[PDB]
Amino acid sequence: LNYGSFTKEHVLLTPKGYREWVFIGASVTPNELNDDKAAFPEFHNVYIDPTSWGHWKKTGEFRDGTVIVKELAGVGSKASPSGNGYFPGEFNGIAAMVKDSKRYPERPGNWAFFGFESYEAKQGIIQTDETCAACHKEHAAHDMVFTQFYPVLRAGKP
């Protein structure tokens, strides 16, 4: 069962329930370490849809129909009873990518990258390749996904 919902023009409707998908890793790019303006502020919590997680465990590959959501959250504090560091605050928005060789035959890896203006937007905005795909293609460890930062994926593959 596919977890994306799409328009006739193959655009990703804003995913619902992705926090109940399979978490694959979190990173943090604080504003204060990125000239007071991180590209994706600031914590990133990343999810893969459950069907594609199942296929990943079987094959170590992203199936046609894979949806990955990167959820952004602010840095809420830098010190807690557990020590110094970064601790999350409030949610900021999402980014997403969808793999589909039928809908996206001309895109690298058959991935479409979606930006979201806000959580109330009805749909994502598909991006031209220089804005997202170029960086992922140049630097991601596996099939345009930064699996070097997803220890769940690396431990879960066969």
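All residue numbers are counted from 1 along the displayed sequence.
The PDB entry records a higher mean C-alpha B factor for 117-125 than for its counterpart among 117-125 and 59-67. Per-stretch averaging of Cα B factors for 25-33 and 98-106 places 98-106 on top. Among all modelled residues in its chain, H136 ranks in the lowest third by Cα B-factor.
For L72, the recorded CA temperature factor ranks within the lowest third of the chain's modelled residues. Among the modelled residues of its chain, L1 has a C-alpha B-factor that falls in the highest third, as given in the PDB entry.
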